[PDB]
Number of protein chains: 2
Amino acid sequence: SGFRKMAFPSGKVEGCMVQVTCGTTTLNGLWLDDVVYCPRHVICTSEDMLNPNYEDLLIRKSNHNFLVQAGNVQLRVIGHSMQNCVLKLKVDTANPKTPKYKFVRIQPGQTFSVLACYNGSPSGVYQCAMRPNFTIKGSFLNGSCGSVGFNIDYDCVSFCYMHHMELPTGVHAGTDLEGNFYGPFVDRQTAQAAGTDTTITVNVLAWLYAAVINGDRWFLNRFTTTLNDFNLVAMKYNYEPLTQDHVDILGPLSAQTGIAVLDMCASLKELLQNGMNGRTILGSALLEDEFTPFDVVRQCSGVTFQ
Amino acid sequence: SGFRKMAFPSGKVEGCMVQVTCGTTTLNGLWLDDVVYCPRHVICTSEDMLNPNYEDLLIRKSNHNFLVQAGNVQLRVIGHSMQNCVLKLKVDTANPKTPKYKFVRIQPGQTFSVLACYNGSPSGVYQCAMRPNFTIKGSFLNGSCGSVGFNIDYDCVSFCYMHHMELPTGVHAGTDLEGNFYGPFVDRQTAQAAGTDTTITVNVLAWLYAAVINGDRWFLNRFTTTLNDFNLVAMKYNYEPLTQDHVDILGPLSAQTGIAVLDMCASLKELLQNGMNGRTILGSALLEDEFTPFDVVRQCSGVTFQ
Ligand SMILES: *[C@H](O)[C@@H](C[C@@H]1CCNC1=O)NC(=O)[C@H](CC(C)C)NC(=O)[C@@H](NC(=O)OCc1ccccc1)C(C)C
Ligand SMILES: *[C@H](O)[C@@H](C[C@@H]1CCNC1=O)NC(=O)[C@H](CC(C)C)NC(=O)[C@@H](NC(=O)OCc1ccccc1)C(C)C
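Residues numbered from 1 in each chain as written, not as in the entry; some residues may be left out. Chains lettered and ligands numbered in written order. Heavy atoms only, no water.

Determination of this PDB entry was carried out by X-ray crystallography to a resolution of 1.6500 Å, according to the record.

Looking at the PDB entry, chain A carries the name 3C-like proteinase, with the source organism given as Severe acute respiratory syndrome coronavirus 2. What the PDB record gives as the title of this entry is "Crystal structure of Mpro with inhibitor r1".

(A) Inspection of the overall build of chain A at higher detail. Broken down by element type, chain A carries eight helices and 13 strands. Here the C-alpha atoms of chain A give a radius of gyration of 22 Å, agreeing with the 19 Å that 2.2 N^0.38 yields for 306 residues. When its C-alpha atoms are laid out on the principal axes, chain A stretches across 70 × 40 × 30 Å. Sequence separation of at least 24 residues holds for 65% of the intrachain contacts in chain A that already meet a minimum separation of 6. Looking at chain A as shown, the accessible area adds up to about 12,700 Å², and 49% of this sits on carbon and sulfur atoms. In chain A, 22 side chains carry a positive charge and 26 a negative one; their mean positions are 3 Å apart. (Helix = DSSP H or I, 4+ residues; strand = E, 2+ residues; numbered from the N terminus. Rg over C-alpha atoms; globule rule 2.2 N^0.38 Å. Contact = heavy atoms within 4.5 Å. Areas by Shrake-Rupley, 256 points an atom, 1.4 Å probe, with all protein chains shown as cover. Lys, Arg positive; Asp, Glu negative; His and termini not counted. Charge placed at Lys NZ, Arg CZ, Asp CG, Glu CD.)

(B) Spatial organisation of helix α7 (residues 261–274) of chain B. Residue and element names in this part refer to chain B. Spanning 14 residues, α7 covers 20 Å between terminal C-alpha atoms, matching the ideal 20 Å at 1.5 Å per step. All buried positions along α7 are accounted for by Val-261, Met-264, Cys-265, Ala-266, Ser-267, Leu-268, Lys-269, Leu-271 and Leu-272. Lining the buried residues of α7 we find α3 (201–213), α4 (227–236), α5 (244–249) and α6 (251–257). Where α7 ends, the next residue or the one after it, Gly-275, has phi of about 70 degrees, a positive value. (Expected span 1.5 Å × (residues − 1). Buried < 20%, exposed > 50% of the residue type's maximum accessible area, 1.4 Å probe, protein only.)

(C) Main features of the site of ligand 2. The immediate surroundings of ligand 2 are formed by 20 residues, with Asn142(B), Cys145(B), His163(B), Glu166(B) and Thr190(B) found nearest. Near ligand 2, the surrounding residues belong to chains A and B. Within the backbone of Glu166(B), an N or O atom sits 2.7 Å from a nitrogen atom of ligand 2. Taken by itself ligand 2 offers 730 Å² of open surface, and the protein chains cover 78% of this. Residues of the shell around ligand 2, tallied by class, amount to eight nonpolar, nine polar and three charged. (Near = heavy atom within 4 Å. Polar contact = N/O pair within 3.5 Å; in protein donor to acceptor, adjacent residues only side chain to side chain. Nonpolar A, V, L, I, M, F, W, Y, C, P; charged D, E, K, R; others polar.)

(D) Seen up close, α4(B). Residues and elements named next belong to chain B. Taken together, the buried positions of α4 are occupied by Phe-230, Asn-231, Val-233 and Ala-234. Each buried residue of α4 sits inside an arc of 160 degrees when the element is viewed along its axis, so together they form one side. Exposed positions of α4 whose direction lies more than 90 degrees from the buried face are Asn-228, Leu-232 and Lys-236. Buried residues in α4 make contact with α3 and α7. (Arc of directions from axis to C-beta.)

(E) Fine view of the packing of aromatic side chains. Taken as a whole, this structure holds 18 aromatic pairs over all chains when the rule is applied. Ring geometry for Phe3(B) versus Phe291(B): centroids 4.7 Å apart, planes at 55 degrees, classification tilted. In this pair, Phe3(B) sits in the segment before α1 (11–14) while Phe291(B) sits in the loop between α7 and α8 (293–299), placing the two residues 288 residues apart along the sequence. For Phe3(B), a relative accessible area of 11% translates into the label buried. Grouping aromatic residues by their ring pairs yields a cluster made of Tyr37(A), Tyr101(A), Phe103(A) and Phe159(A). (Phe/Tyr/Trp six-rings, centres within 6.5 Å; stacked < 30°, edge-to-face > 60°.)

(F) Inspection of the interface of chain A and chain B at higher detail. The interface is formed by 44 residues belonging to chain A together with 44 residues belonging to chain B. Taken together, the two surfaces of chain A and chain B that pack against each other cover about 3,200 Å², and 51% of this comes from carbon and sulfur. The largest per-residue losses of area from chain A upon contact with chain B belong to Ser1(A), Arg4(A) and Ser123(A), which jointly make up 22% of the total buried on that side. Joining chain A to chain B, the criterion identifies two salt bridges. Linking chain A with chain B are 27 residue pairs in polar contact. Secondary-structure elements contributing two or more residues to the side of chain A that touches chain B are α1 (11–14), β9 (111–118), β10 (121–129) and α8 (293–299) of chain A. If you tally residues by element for the side of chain A that touches chain B, the top one is β10(A), at eight residues. (Buried area = accessible area lost by both parts, 1.4 Å probe. Salt bridge = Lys/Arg side-chain N within 4 Å of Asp/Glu carboxyl O.)

(G) Layout of the sheet that holds strand β7 (residues 86–91) of chain B. All names here are of chain B. Strands sit in the order β5-β4-β1-β2-β3-β7-β6 across an open sheet of seven strands; the sheet is antiparallel. Sheet topology places β5 (73–75) and β6 (77–83) at the edges, where each strand pairs with a single neighbour. Averaged over all pairs of adjacent strands, the angle between strand axes in this sheet comes to 30 degrees, irrespective of strand direction. (Pairing = 2+ DSSP bridges. Axes fitted to C-alpha atoms, helices over the stretch in contact; angles between N-to-C directions.)

(H) Broad picture of the pattern of salt bridges. In total, this model carries 18 salt bridges over all chains according to the counting rule given. The partner of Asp187(A) in a salt bridge is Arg40(A), with the nearest N and O atoms 2.7 Å apart. Of the two residues, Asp187(A) is situated in the loop between β13 (172–175) and α3 (201–213) and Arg40(A) in the loop between β3 (35–39) and α2 (54–59); the sequence distance between them amounts to 147 residues. Salt bridges sharing partners connect three or more residues here, namely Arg4(A), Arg131(B), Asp197(B), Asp289(B) and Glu290(B).

(I) Representation of the pairing of strand β4 (residues 66–70) of chain B in the model. Residue and element names in this part refer to chain B. Of the two faces of β4, the one holding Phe-66, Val-68 and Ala-70 is buried and the one holding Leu-67 and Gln-69 is not buried anywhere. Across four bridges, the pairing between strand β1 (residues 17–22) and β4 is antiparallel. If you follow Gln-19 over to β4, its bridge partner there is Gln-69. Hairpin remark: β4 followed by β5, antiparallel, with two residues in the connecting loop; positive phi at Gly-71, about 60 degrees.

(J) Structural view of the environment of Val91(B). All names here are of chain B. If you trace the backbone, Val-91 turns up in strand β7. Judged by its relative accessible area of 1%, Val-91 falls in the buried class. Through-space distance from the C-alpha of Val-91 to that of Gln-189 is 30 Å; in sequence the pair is 98 residues apart. Once residues lying within four places of it in the same chain are set aside, the contact partners of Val-91 are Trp-31, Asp-34, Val-35, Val-36, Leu-75, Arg-76, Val-77 and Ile-78.

(K) Quick look at the site of ligand 1. The full set close to ligand 1 counts 20 residues, and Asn142(A), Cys145(A), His163(A), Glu166(A) and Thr190(A) are the nearest of them. Ligand 1 is flanked by residues contributed from chains A and B. For ligand 1, a nitrogen atom lies 3.2 Å from a polar atom in the backbone of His164(A). Sort the elements by how many residues they give to the shell around ligand 1 and strand β12 (residues 156–166) of chain A lands first, with four residues. Here the residues of the shell around ligand 1 sort into eight nonpolar, nine polar and three charged. When residues of the shell around ligand 1 are sorted by domain, at least three fall in each of domain 1 (1–14 + 100–197) and domain 2 (15–99) of chain A. (Domains from an automatic or database assignment.)

See the structure below:
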């Protein structure tokens, strides 16, 4: 038993990380087949970033201005183009470590693993959630741009996030691998509002089911509630409204534990109204919302990949 | 900025995981050079585990009774031996993915990454700490035995933990890679006491320094204290006594932030005496003790590996 915030094994993604240099700026790229993907602001000076005209800046660049370095293997750039907020550098060599992969645009509330990288070398791996306001709460320093977020289905890596920027909150924003930002953000050094965040209700419930599976059951109360009744408590505490789609998603956990979803909702409602009274659930004194129902099920059934 | 519980990239360790079968029992092994390492209780039936005579049980086994499977590559076993609580199976093939490695016995309070595995295939990676009572708080199901904990120094993997068992607490116990248990535990299905745990004071302070680096500074109070004065508050709250060795270890963080260690201790003392009053630090409502001073420094300086 036990329950931990667990990332996917990162080996398949490690083999794809490269270093991309244009001028003095160096960031990370993702090398898949014969294309390297990276944030387009690799082409900016520090001053350009205040208000860059990326088309005009890219026109001043040629293939040989982009230095792509894979460990010490170094790649010849034979084409470049800008797709939304990413650059695609065509190289003369296919990555021999390219895994089976897919580019996906994830939904708010979903989770993914991040492989944090600097100069094209991995530093660490951690799990998180795409917030409802399309930010993530990461750990990113200068030079981390181009680090990617991903999920694994057995042998297939689904890339879903590339890091671009940090917002005036210490939160982080980025794009999918077609270069479209999650949320309203633009890749410019100018003040930008994230907007109000909300707690991912279906993930909290999943985590309460995780708790029961692992023996933590003090919060299991006696009451029940209705969707409406719970959704009224939800808006007060800035939780996403629960839908029947969410109830259905929680079906397997409901069946494994014998606790109806609406009964679990009544427990959650009491936790929101009365707090935890200095107790903990799964080692936490806060209600956790960065485990999806799928995350809980894989961790309590032992799903593997390779 | 930002601060996350970050594991090491697991790729170098993924390449070493194999499946070991003896009879009906299947668990994970670690394949390094031409030796596979795994828990010796792979040789037990469910009934043997109540009180196994491992020498007598191993004598009934021959090389061909051990099935070692690496993905679908499958290895010929040409020798076996028992070292403390691990078996060493000699195979006829050196692992072509063997990283530069070392076997280390870590100290209580140190951290390491765990690659959780089933049937020799990785499922997830997460960070944790060797508790002062020589347990870990992991996420482990049936078949996870043989999963390993490790740290990376650039290109060198230091293996420090192999998983063996779960205790009547939901906590976990295991051995170093020479097969010596951390703590008083034995590999038998019989009730076993872990003993009182304590909080890793130097790690809490490191995490408070992390908080200040990332802007969370509300807890920075006005007072100071002495080691003695703080250590008296320490024993009351079941914290490890702080030593001058710990103060010295915290030197770099003290210099980076301009906060004397004893000033930070006075903040910690007030947090222990008065709680957090419903506030949070680095997104947590509890005092966190599973980041070492080194963990904080690598995460706020961007150290990489490969
Ligand atoms: C790539 O290096 C990446 C790393 C940053 C540095 C620290 N944490 C990170 O994630 N970020 C960048 O260099 C960005 C380049 C832009 C997208 C051209 N810039 C930023 O992330 C900057 N943030 C920003 O401009 O967002 C809006 C804003 C907020 C507050 C004040 C002014 C603007 C940050 C370095 C501040
Ligand atoms: C290897 O499969 C490993 C996985 C376990 C299963 C669930 N979580 C885990 O980490 N554990 C084992 O099968 C152990 C084999 C022994 C070491 C021969 N057994 C255990 O971990 C058992 N625990 C145990 O015997 O510890 C002492 C004890 C505690 C409470 C009651 C009785 C004894 C557990 C499966 C209970």
